[PDB]
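S.K.: Before I ask anything, here is the structure I am working with.
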Amino acid sequence: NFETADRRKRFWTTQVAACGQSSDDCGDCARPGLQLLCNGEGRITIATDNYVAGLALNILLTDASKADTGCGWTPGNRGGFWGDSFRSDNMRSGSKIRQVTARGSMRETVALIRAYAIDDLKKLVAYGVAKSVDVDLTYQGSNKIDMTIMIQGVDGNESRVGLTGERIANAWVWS
Amino acid sequence: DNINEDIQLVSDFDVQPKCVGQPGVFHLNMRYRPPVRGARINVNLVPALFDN
Amino acid sequence: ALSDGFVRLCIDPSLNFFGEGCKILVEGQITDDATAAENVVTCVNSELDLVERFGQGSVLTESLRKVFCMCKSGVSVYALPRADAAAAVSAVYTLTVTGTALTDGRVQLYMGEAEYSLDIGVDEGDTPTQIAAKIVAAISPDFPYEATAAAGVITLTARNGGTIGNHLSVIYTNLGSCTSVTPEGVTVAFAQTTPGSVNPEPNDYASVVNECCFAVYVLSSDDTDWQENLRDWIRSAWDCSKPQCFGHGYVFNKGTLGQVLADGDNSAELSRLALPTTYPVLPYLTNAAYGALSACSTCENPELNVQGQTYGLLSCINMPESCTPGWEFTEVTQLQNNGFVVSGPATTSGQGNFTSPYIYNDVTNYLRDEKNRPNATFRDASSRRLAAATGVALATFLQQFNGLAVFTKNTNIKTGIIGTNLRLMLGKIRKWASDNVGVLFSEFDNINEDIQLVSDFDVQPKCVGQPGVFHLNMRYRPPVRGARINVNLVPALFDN
Amino acid sequence: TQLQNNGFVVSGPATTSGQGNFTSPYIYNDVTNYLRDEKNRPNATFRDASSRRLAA
Amino acid sequence: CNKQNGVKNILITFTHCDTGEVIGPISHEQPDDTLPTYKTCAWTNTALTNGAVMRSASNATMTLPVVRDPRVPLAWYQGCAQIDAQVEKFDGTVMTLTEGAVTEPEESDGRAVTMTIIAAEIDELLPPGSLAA
């Protein structure tokens, strides 16, 4: 038969700047969301590109379960997602990068923020979407801070032979 | 920001002119900032199709 | 960022691409349908913009398609469209079909590149040539040649004028003894009728690429005069009369051995690719593939050689293997000794089965030297990349002395002063050069003599120098590539 | 080169490309318009703007 | 002037570790008649039997007695900051060090500070006319 045998398809994917950017005196930031694609006679459709980038945004922009404190939390905002009780991979959804607290000098706090960011995006390798991830954070002053996230991908069809590691499963998204 | 400049102590004999100050009066000048409760960071994202 | 949250608020990178820093420029012809303005550098985004922005089946579109197919991410692309000459003539090719099909079968072609192949099944026995020549309805639109489907013959006319349309050789599957889906009694004849006439000769690089840095230049043309102009421009970018914009260019030369060797004008700024007269793939596609692969998609490390079957594999190109190697081994050695680049198949099956090409040596066109002495200082493309990297890195390091007090007459620096003198400056630089061994330099032959520092007061005569100007002279060697070892094999019969 | 040698300030942008984004310029050299001398004898005593500040 | 054994210039650059603050190279003056000492061979031999030796890692160290600068906190001169130092003798020799660290600091009265510095490698610039490459 035809060599195009991989029948797996791709569903909707959140995209950066889907709903434009919100501007303010401090600066300009994107407003991620779903994207609508129009035909020549209506018949709108949702975009499905950049799967891994869409997955990364979901992990970062979601509050995970909060640690116990001894005083408690209101039932409304204990964090997490109620659907995590059915999954079987023994993990929890969301990220905990917003739960840091001002400790010591700003240098210490920033270092902690980086630690949480790595600890959350590490889930990408566990699912098998990407073979490696690393974040580089640079401190330059009081108000200017930057953070770049590097995600490694792979091609759809195996081309190299003799890899030390393993071919990541769920690579049919080829990214 | 600079603890060596944000605190100053001066005796009243150094602010008032000659034979006008009082004995045993000081002026304390201080500047402070409350704890920070915010932070902003850029999240440049680069999904890179592999090339070593 | 409102009605919720805590410390660490987010602001996102509206743009998803951040691999800026390395750029590639593609130059080639276009067609009338193109909406892009001529002689104006423009940024290319993805494959969607093509066709509309640069015409259908134009030379530029084909080159760009291969570039994107090799460099999926990590490099920014640029294009510089050019228009056809005033009196250009388009080449014409003829492909006549003869005989009447009398058994059911299938006809399939291979022209120019694998992406343009086709496969159509003959309707039934007793279908004459007129019902045949339906191939035209199957030829893909992207093919740079236009098919007319005349009565009994199909004519191919180049969509771009000039000499760029004088390269074809067809591999074909009728008259063969393979009755696997072949129609019996059908044959095809291939011939040429009109060649190309005139190519453009733009000479305004100083205006359209003025003070803009580009890592790699790719040229999809075979005009020697056009290539000569590009070399001159690159020299200027490497010139000493102003701040430099380091770059490199890729070109190709096609013909017999005698013709190809005649184009070796000792240009260290170009990497000329040599091809035979019967190359079964369109020329400019292979050149674009080589340029894109080396256009920092792989060469983010300046010292990486693009050779071998692991790094120098032009995977995007597929072509059947011919009955002869094309470049006889006695000719391969000569080309490599004259500063050319030679490519060949990456797998050993010389039958007609599809393979891919790879590059043997990553070597520029550098020979001899200023004056007339021979040397190999810039023999390897990596040397040019490393030389540029060293200049930028060294310039950054010396920035720390900008605006620093310098003592030259009385060398005793008072207590509390912030300054330096010549000896201390030299020591710091000497430390930096020695530290980079194994990253940008090899072991210095004599580190005590290859670095010198002299104040301008010690060079100019009395009362002519300026205060606070130095002359630094450094000599270095790039990392060693290989070595030669003599082996004397000697078995011994005596036991002791 | 001609402007700088004749006592003028020349400014340039920090980055160069065709993307058409925004950039901020910076001063190449901080130089006053001083040339020649009270006796019409060339020199460069007051070439640097910092020289005037130091003199005061 | 080429046979006078002494120290001519001493430059030190501090890089605070908790704030990344950098202070440019400041000249310094020595407190007494003693001179600095150096050790540039980063391998140590031990005596085995019959003329054989045994190597070990060791480091390259420098002992730099200098007078505290009254504009820099006393903590920096001790093990609370990075140090980059350069010493130029009268004959012409220059010894450079980068990314050094202070070890086992001892109490100081407030003026005289003796610093023990260890670094991966120490570079040396002999006067003109050396023999070794």
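Labeling convention for the structure tokens: chains A, B, ... as they appear, residues from 1 per chain, ligands from 1 in order of appearance.
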Residues of chain E no more than 12 Å from chain A, counting only C-alpha atoms: send them over as an NGL selection string.

M.R.: :E and (17-21)

S.K.: Go ahead and save the picked residues with N, CA, C and O atoms, as a short mmCIF file (atom, residue, chain, number, x, y, z; two decimals), in the first residue's frame.

M.R.:
```cif
data_model
loop_
_atom_site.label_atom_id
_atom_site.label_comp_id
_atom_site.auth_asym_id
_atom_site.auth_seq_id
_atom_site.Cartn_x
_atom_site.Cartn_y
_atom_site.Cartn_z
N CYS E 17 29.43 37.96 45.54
CA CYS E 17 28.71 36.75 45.16
C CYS E 17 27.21 36.84 45.39
O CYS E 17 26.44 36.19 44.68
N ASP E 18 26.76 37.64 46.36
CA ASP E 18 25.33 37.78 46.64
C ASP E 18 24.67 38.89 45.84
O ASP E 18 23.44 38.99 45.88
N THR E 19 25.43 39.71 45.12
CA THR E 19 24.85 40.79 44.33
C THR E 19 25.46 40.94 42.95
O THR E 19 25.00 41.79 42.18
N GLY E 20 26.48 40.16 42.61
CA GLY E 20 27.08 40.23 41.29
C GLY E 20 27.72 41.57 40.99
O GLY E 20 28.00 41.89 39.83
N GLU E 21 27.95 42.37 42.03
CA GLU E 21 28.57 43.68 41.85
C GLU E 21 30.06 43.52 41.57
O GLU E 21 30.72 42.66 42.15
#
```

S.K.: Sorted by chain and rising residue number, list the residues of range 190-285 of chain C at most 7 Å from range 148-164 of chain C (counting only C-alpha atoms), each with its closest atom pair and distance in Å to one decimal, as CSV.

M.R.:
```
residue,atom,partner,partner_atom,distance
C:196,CA,C:163,CA,4.4
C:197,CA,C:162,CA,5.0
C:198,CA,C:162,CA,4.5
C:199,CA,C:162,CA,4.8
C:221,CA,C:164,CA,6.7
```

S.K.: Limited to N, CA, C and O atoms, could you put the picked residues into a file as a CSV table (one decimal), in the first residue's frame?

M.R.:
```
chain,number,residue,atom,x,y,z
C,196,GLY,N,19.1,28.7,-24.4
C,196,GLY,CA,18.9,30.0,-23.8
C,196,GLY,C,19.9,31.0,-24.3
C,196,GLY,O,21.0,30.6,-24.9
C,197,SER,N,19.6,32.3,-24.2
C,197,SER,CA,20.4,33.3,-24.8
C,197,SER,C,21.1,34.2,-23.8
C,197,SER,O,22.3,34.4,-23.9
C,198,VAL,N,20.4,34.9,-22.9
C,198,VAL,CA,20.9,36.1,-22.2
C,198,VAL,C,20.6,35.9,-20.7
C,198,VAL,O,19.4,35.6,-20.4
C,199,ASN,N,21.5,36.3,-19.9
C,199,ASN,CA,21.4,36.3,-18.4
C,199,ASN,C,21.5,37.7,-17.9
C,199,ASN,O,22.2,38.5,-18.5
C,221,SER,N,22.5,30.6,-10.1
C,221,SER,CA,22.8,30.9,-11.5
C,221,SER,C,24.2,30.3,-11.8
C,221,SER,O,24.9,29.9,-11.0
```

S.K.: For a test of reading the model, state the distance in Å between CA of residue 104 in chain C and CA of residue 2 in chain A, rounded to one decimal.

M.R.: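 Separation of CA of residue 104 in chain C and CA of residue 2 in chain A: 21.8 Å.
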
S.K.: Using only C-alpha atoms, find which residues of chain B lie within 12 Å of chain C and jot them down as a short mmCIF file (atom, residue, chain, number, x, y, z; two decimals) with C-alpha atoms, in the first residue's frame.

M.R.:
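Contents of part-v4.cif, as written:
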```
data_model
loop_
_atom_site.label_atom_id
_atom_site.label_comp_id
_atom_site.auth_asym_id
_atom_site.auth_seq_id
_atom_site.Cartn_x
_atom_site.Cartn_y
_atom_site.Cartn_z
CA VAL B 36 8.46 43.41 47.34
CA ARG B 37 5.32 41.48 46.39
CA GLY B 38 5.64 41.05 42.63
CA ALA B 39 7.84 40.09 39.71
CA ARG B 40 7.76 40.05 35.91
CA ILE B 41 9.66 37.73 33.56
CA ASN B 42 9.79 37.09 29.83
CA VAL B 43 9.07 33.54 28.70
CA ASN B 44 10.65 33.38 25.23
CA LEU B 45 9.65 29.96 23.89
CA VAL B 46 11.58 28.18 21.15
CA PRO B 47 10.24 24.80 19.97
CA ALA B 48 13.18 23.87 17.73
CA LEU B 49 13.03 21.14 15.12
CA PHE B 50 16.23 19.34 15.96
CA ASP B 51 19.56 20.48 14.59
CA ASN B 52 22.56 20.00 16.88
#
```

S.K.: Quick one: residues within 9 Å of residue 412 in chain C, only C-alpha atoms, excluding same-chain residues fewer than 4 positions away - as a ChimeraX atom specification?

M.R.: /C:407,421 /E:8-9

S.K.: Restrict the distance test to only C-alpha atoms, flag each residue of chain C within 10 Å of chain D, and return the flagged residues as JSON, numbers by chain.

M.R.: {"C": [41, 42, 43, 78, 209, 211, 212, 213, 214]}

S.K.: Neighbours of residue 5 in chain B within 10 Å (only C-alpha atoms; same-chain residues fewer than 3 positions away dropped), as a PyMOL selection string?

M.R.: chain B and resi 1-2+8+29-31
